[PDB]
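Each chain, written out:
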Amino acid sequence: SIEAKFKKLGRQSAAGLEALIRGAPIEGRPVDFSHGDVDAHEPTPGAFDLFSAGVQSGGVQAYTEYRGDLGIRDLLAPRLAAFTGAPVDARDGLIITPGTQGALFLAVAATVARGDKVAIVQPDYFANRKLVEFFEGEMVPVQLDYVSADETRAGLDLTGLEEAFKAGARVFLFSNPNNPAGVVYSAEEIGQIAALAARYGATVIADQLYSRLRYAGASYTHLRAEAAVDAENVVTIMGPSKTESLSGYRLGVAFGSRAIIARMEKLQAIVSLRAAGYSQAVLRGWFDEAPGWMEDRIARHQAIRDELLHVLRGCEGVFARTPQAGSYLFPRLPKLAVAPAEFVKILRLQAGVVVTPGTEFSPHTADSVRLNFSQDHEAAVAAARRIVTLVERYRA
Amino acid sequence: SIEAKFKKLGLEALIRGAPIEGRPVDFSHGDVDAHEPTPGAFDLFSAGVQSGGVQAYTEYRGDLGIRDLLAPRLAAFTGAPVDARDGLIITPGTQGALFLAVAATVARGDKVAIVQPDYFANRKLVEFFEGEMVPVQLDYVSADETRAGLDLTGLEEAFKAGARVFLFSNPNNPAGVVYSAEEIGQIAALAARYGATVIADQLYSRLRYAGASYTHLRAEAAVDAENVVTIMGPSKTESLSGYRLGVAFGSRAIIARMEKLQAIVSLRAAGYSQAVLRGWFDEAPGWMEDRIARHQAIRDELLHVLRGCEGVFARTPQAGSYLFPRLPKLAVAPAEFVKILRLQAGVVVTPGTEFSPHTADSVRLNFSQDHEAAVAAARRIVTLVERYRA
Ligand SMILES: [Cl-]
Ligand SMILES: [Cl-]
Ligand SMILES: [Cl-]
Ligand SMILES: [Cl-]
Ligand SMILES: [Cl-]
Ligand SMILES: [Cl-]
Ligand SMILES: [Cl-]
Ligand SMILES: [Cl-]
Ligand SMILES: [Cl-]
Ligand SMILES: [Cl-]
Ligand SMILES: [Cl-]
């Protein structure tokens, strides 16, 4: 039934909160932590010049093959090969998409049929469950036991993954670094994921969107380079939307399995034809930015990461994993005198802070909220202090 | 089966004589060097990038300010109200709108009425969502140019058989014919009578030739505005395809479903691209008129050349830049003749099988091209038809 299918995809007012609100607002600059601030951390220098050169070049840029401009795919494949530590095939193993979201949609569409079991991590990216269920697959959840003082692994329940595959799951989709928690899977976790997938003949979609924004002294392991895994059963997706602040151009890529990439190409034709022709041109600069630019960017984000962690952990009932790549923090809040959903509204009403409710990522992370901390440094820190002040005001 | 599902989404001995040389022309899509993107569109994109994060990120359904600008423009154009808040979505191209509109209206097993010939995606989308296409013949091969030639009895019978969606392009891609006031009035009356939803793909409806009428389905008194979705955008007429922008408007129920799905298909139309829509339907006085006049001259000359060959038929395009000539019996197959036109004339045309299984002896040209190059290429096409004539 079309109606039920789509039901599953579904100023701040005080209405319904009048008996619950305590005190007056806390003055300060509003911060929307729901996504990155591309004014505080600008799009790659040079990107707009590349876009402008493409427009001037004209119809050759405006129209491309459905899988993406050939010249740009040929430029990108060596860069993406060097980054991930395994071969990339420009011609048949690489598609350019409308955002990494574009790639994710296509990748799930090309791999999940009606009734197929799909292993999905909890917590993980908001679209993952919704995609599986839109294509009438059956999610088999795999717990991420990320709540731990042991920060040498993400905490994936690998026995749970294996059991998912024993039960008939032939697809596994995950983000690395994890959105929302910012944890990165260890070498051993990725090795076992690779071995389990190969063992059961499962396809893996590895969403490495934020994997380039990797903090000093964090390790990162690319599933697609594992000796245990068959390269032709892995699709890796990533792009420049967040690390490089190019979200406004709407670009992503997917690479790996030729059979799956060929399916994603055929589908892209009828989903949106192509990634915007003119947008594609900015990818000529991707992984070829000025020396030290990415390194400074990672350093500026790491300073924000560390001060936000100091402020949040300063609150006695708050737990948060250290993010190891990307710009997400996922603090678990204490018992409050209001429900989690009510507190999110109250943060906006009384602190001018937007945060993402933890229920977007799993039904079992309801008392967490997600922050995207790619923000103005000082505004972000001041906002965080308002959050914890309100956590104290509403503490059960 | 997933393999079977995606399977549906897909000379030397025969050569006569030497090639014919001349400037090559790709008629498979429009030439936006010959017919430039709207003046000022790039300045809008640039000002939007300068404005920064407020433009890079929008609501999934599209920038609100831009939806508010567009709704009265689309209302004046189509002649019926447009609801910017709950009745209008900005998509990645009109293709993007088409995908979401079919997804939002076609469940597994549903009968969907589809025109033959029509746009390449229409059959593929219905089949991707496991709908059952019920075909409706367009009898466009006629000297009568007062109507497109849709089999309205066939449409009614589709609805009698249980079809509750009807999707069609107007002007028709590939033939370029526009549905008459009577044809559109009757599609509205039939849809209302059977409670069917209609998706009106009016992508090329703005490039309307002088002396041609155009009738908007969504303005028909007989039709329920809440069971119509109209899709269009600036990709072809305005040469903005490279920004990847379309809109859908109409039914609040269906548009809501489209917005929810867009969130997981691609999040949004590219935030920076969206800025260029601030100029759409606000181009300088005379600009659209001049563009139509330039295209109409191309149209007329290409028709003169193509019809000069005895065995060629083509309907006069009434809106948009598509011609769809039917070719005589050749000593080679149609598929082979398209390869020969490339190799011996430097001409790319689109095979008629993209649009219907029963128009294999036709080819589609997009004639939004350099005028002189386009006419010289047409002459090469006709020379080779004569050379290969069975
Ligand atoms: Cl290309
Ligand atoms: Cl997100
Ligand atoms: Cl965007
Ligand atoms: Cl195209
Ligand atoms: Cl930075
Ligand atoms: Cl010669
Ligand atoms: Cl908005
Ligand atoms: Cl087309
Ligand atoms: Cl977003
Ligand atoms: Cl023009
Ligand atoms: Cl004949």
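Residues numbered from 1 in each chain as written, not as in the entry; some residues may be left out. Chains lettered and ligands numbered in written order. Heavy atoms only, no water. Residues with missing side-chain atoms left out of burial classes, pairs and counts.

Structure determination for this PDB entry was carried out by X-ray crystallography, with a resolution of 2.150 Å recorded in the header.

(A) Up close: the overall build of chain B. The helix and strand inventory of chain B stands at 13 helices and 12 strands. Here chain B has a C-alpha radius of gyration of 21 Å; the compact-globule value for 390 residues is 21 Å, and the two agree. Across its three principal axes, chain B shows a C-alpha extent of roughly 60 × 55 × 45 Å. (Helix = DSSP H or I, 4+ residues; strand = E, 2+ residues; numbered from the N terminus. Rg over C-alpha atoms; globule rule 2.2 N^0.38 Å.)

(B) Just the interface of chain B and chain A, in detail. Across the contact, 55 residues belong to chain B and 54 residues belong to chain A. When residues of the side of chain B that touches chain A are traced back to their parent elements, those giving at least two are helix 1 (2-7), helix 2 (41-51), helix 3 (53-56), helix 5 (93-103), helix 6 (121-128), helix 9 (252-265) and helix 10 (271-274) of chain B. Looking at the side of chain B that touches chain A residue by residue, the class counts come to 31 nonpolar, 16 polar and 8 charged. (Contact = heavy atoms within 4.5 Å. Nonpolar A, V, L, I, M, F, W, Y, C, P; charged D, E, K, R; others polar.)

(C) Quick look at the side chain of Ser327(A). All names here are of chain A. As for its position among the elements, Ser327 is in the loop between helix 11 (293-313) and strand 9 (328-329). A polar side-chain atom of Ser327 sits 2.8 Å from a polar atom in the side chain of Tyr210. Setting aside residues no more than four positions away along its own chain, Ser327 makes contact with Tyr210, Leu213, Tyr215, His301, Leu371, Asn372, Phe373 and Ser374. (Polar contact = N/O pair within 3.5 Å; in protein donor to acceptor, adjacent residues only side chain to side chain.)

(D) The arrangement of the domain arrangement of chain B in detail. All names here are of chain B. Per the domain assignment, the segments of chain B are domain 1 (1-54 + 283-388) and domain 2 (55-282). On a C-alpha basis, the centroid separation for the pair domain 1 and domain 2 is 23 Å. Contacts between the two partners involve 54 residues from domain 1, matched on the other side by 48 residues from domain 2. Contributions of two or more residues to the side of domain 1 that touches domain 2 are made by helix 1, helix 2, helix 3, helix 11 (287-307), strand 9 (322-323) and strand 12 (363-366). Top contributing element to the side of domain 1 that touches domain 2 by residue count: helix 11, with 8 residues. (Domains from an automatic or database assignment.)

(E) Main features of the packing of helix 5 (residues 99-109) of chain A against helix 6 (residues 126-134) of chain A. Residue and element names in this part refer to chain A. Where helix 5 contacts helix 6, the axes come no closer than 10 Å and their chain directions differ by 30 degrees. By the angle class used here, helix 5 and helix 6 are roughly parallel. In the packing of helix 5 onto helix 6, the handedness of the crossing is right-handed. Of the residues in helix 6, those touching helix 5 at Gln101, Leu104, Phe105 and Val108 are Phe126, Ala127, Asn128, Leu131 and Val132. Across the contact of helix 5 with helix 6, the residue classes tally to 7 nonpolar, 2 polar and no charged. (Axes fitted to C-alpha atoms, helices over the stretch in contact; angles between N-to-C directions. Parallel < 35°, antiparallel > 145°, perpendicular 65-115°, else oblique. Left-handed = near helix turned anticlockwise from the far one by under 90°.)

(F) Region of interest: the side chain of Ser241(A). Tracing the sequence through the fold places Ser241(A) in the loop between strand 7 (234-238) and strand 8 (252-256). Assessed through its relative accessible area of 7%, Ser241(A) is described here as buried. (Buried < 20%, exposed > 50% of the residue type's maximum accessible area, 1.4 Å probe, protein only.)

(G) Main features of the packing of helix 11 of chain A against helix 13 (residues 377-393) of chain A. Residues and elements named next belong to chain A. At a minimum axis distance of 9 Å, the contact between helix 11 and helix 13 shows a crossing angle of 15 degrees. Accordingly, the angle class assigned to the pair helix 11 and helix 13 is roughly parallel. Helix 13 is crossed by helix 11, and the crossing has right-handed handedness. In this structure, helix 11 contributes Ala303, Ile304, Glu307, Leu308, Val311 and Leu312 to the contact, and helix 13 contributes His377, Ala380, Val381, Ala384, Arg385 and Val388. Among the residues making up the contact of helix 11 with helix 13, the classes are represented as 9 nonpolar, 1 polar and 2 charged.

(H) Local environment of the domain arrangement of chain A. Residue and element names in this part refer to chain A. Domain boundaries assigned for chain A yield domain 1 (1-60 + 289-394) and domain 2 (61-288). Contact residues are listed per partner, giving 54 residues for domain 1 and 49 residues for domain 2. Contributions of two or more residues to the side of domain 1 that touches domain 2 are made by helix 1 (2-7), helix 2 (47-57), helix 3 (59-62), helix 11, strand 9 and strand 12 (369-372). Ranked by the residues each element gives to the side of domain 1 that touches domain 2, the list is headed by helix 11, at 8 residues. In terms of residue class, the side of domain 1 that touches domain 2 is built from 24 nonpolar, 19 polar and 11 charged.

(I) Just the sheet that holds strand 12 of chain A, in detail. All names here are of chain A. If you walk across this open sheet you meet the 3 strands as 9-12-11, and the pairing is antiparallel. Strands with a single pairing partner mark the edges of an open sheet, and in this sheet they are strand 9 and strand 11 (356-357). Bridge count between strand 11 and strand 12: 2 bridges; the pairing is antiparallel. Within strand 12, the position partnered with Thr356 by the bridge is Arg370. (Pairing = 2+ DSSP bridges.)

(J) Local environment of the pattern of salt bridges. Summed over the entire model, instances satisfying the criterion amount to 33 salt bridges over all chains. Close ionic contact of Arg199(A) with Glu162(A) constitutes a salt bridge, the shortest N to O distance being 2.9 Å. Taken together, the residues span a long stretch of sequence, with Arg199(A) in helix 8 (residues 187-200) and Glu162(A) in helix 7 (residues 158-166) at a distance of 37 residues. Looking at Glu162(A), the relative accessible area reads 14%, which means it is buried. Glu244(A) serves as the salt-bridge partner of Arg212(A), at 2.8 Å between the closest nitrogen and oxygen. Within this pair, whereas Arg212(A) is found in the loop between strand 6 (203-207) and strand 7, its partner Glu244(A) is found in the loop between strand 7 and strand 8, the two being separated by 32 residues in sequence. In this structure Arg212(A) comes out as buried when scored by relative accessible area, which is 11%. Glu244(A) sits in the buried class, given a relative accessible area of 1%. Here the salt bridges share partners, and the residues they tie into one network are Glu59(B), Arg61(B), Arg67(B), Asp86(B) and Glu259(B). (Salt bridge = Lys/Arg side-chain N within 4 Å of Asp/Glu carboxyl O.)

(K) Fine view of the sheet that holds strand 11 (residues 350-351) of chain B. All names here are of chain B. Across the sheet, which stays open at both edges, the 3 strands sit in the order 9-12-11 with antiparallel pairing between neighbours. Sheet topology places strand 9 and strand 11 at the edges, where each strand pairs with a single neighbour. Sheet topology note: the strand 11/strand 12 ladder contains 2 bridges and is antiparallel. Residue pairing for strand 12: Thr350 is matched across the bridge by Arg364.

(L) Region of the structure containing the nonpolar core. If you look at the biggest cluster of nonpolar residues, it comprises 74 residues, and the most contacted ones within it are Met264(A), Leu267(A), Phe99(B), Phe128(B), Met258(B) and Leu261(B). Setting aside residues no more than four positions away along its own chain, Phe128(B) makes contact with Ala109(A), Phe135(A), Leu267(A), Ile270(A), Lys5(B), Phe6(B), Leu9(B) and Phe99(B). (Core = buried A, V, L, I, M, F, W, Y, C linked by side-chain atoms within 4.5 Å.)

(M) A look at helix 9 of chain B. Taking 1.5 Å per residue, 14 residues should reach 20 Å; helix 9 of chain B reaches 20 Å between its end C-alpha atoms and fits that length. Count one or two residues on from helix 9 of chain B and you reach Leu267(B), which has phi positive near 70 degrees. (Expected span 1.5 Å × (residues − 1).)

(N) Region of interest: the packing of aromatic side chains. The final tally for this structure, using the stated rule, is 37 aromatic pairs over all chains. Residues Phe134(A) and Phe135(A) carry aromatic rings whose centres are separated by 5.3 Å and whose planes lie at 75 degrees to one another, so their mutual orientation is edge-to-face. Judged by its relative accessible area of 4%, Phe134(A) falls in the buried class. For the ring pair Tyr249(A) and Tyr272(B), a centre distance of 4.9 Å and an interplane angle of 70 degrees mean the geometry is edge-to-face. (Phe/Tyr/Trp six-rings, centres within 6.5 Å; stacked < 30°, edge-to-face > 60°.)

(O) Fine view of helix 12 (residues 334-345) of chain B. All names here are of chain B. The end-to-end C-alpha distance of helix 12, which contains 12 residues, comes to 15 Å, matching closely the 16 Å that a straight helix rising 1.5 Å per residue would cover. Burial in helix 12 covers these residues: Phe337, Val338, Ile340, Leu341, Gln344 and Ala345. Each buried residue of helix 12 lies within a common arc of 160 degrees when the element is viewed along its axis, so the set occupies one face. Exposed side of helix 12, more than 90 degrees from the buried face: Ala335, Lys339, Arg342 and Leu343 are the residues found there. A positive phi of about 60 degrees marks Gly346, the residue just after helix 12. (Arc of directions from axis to C-beta.)

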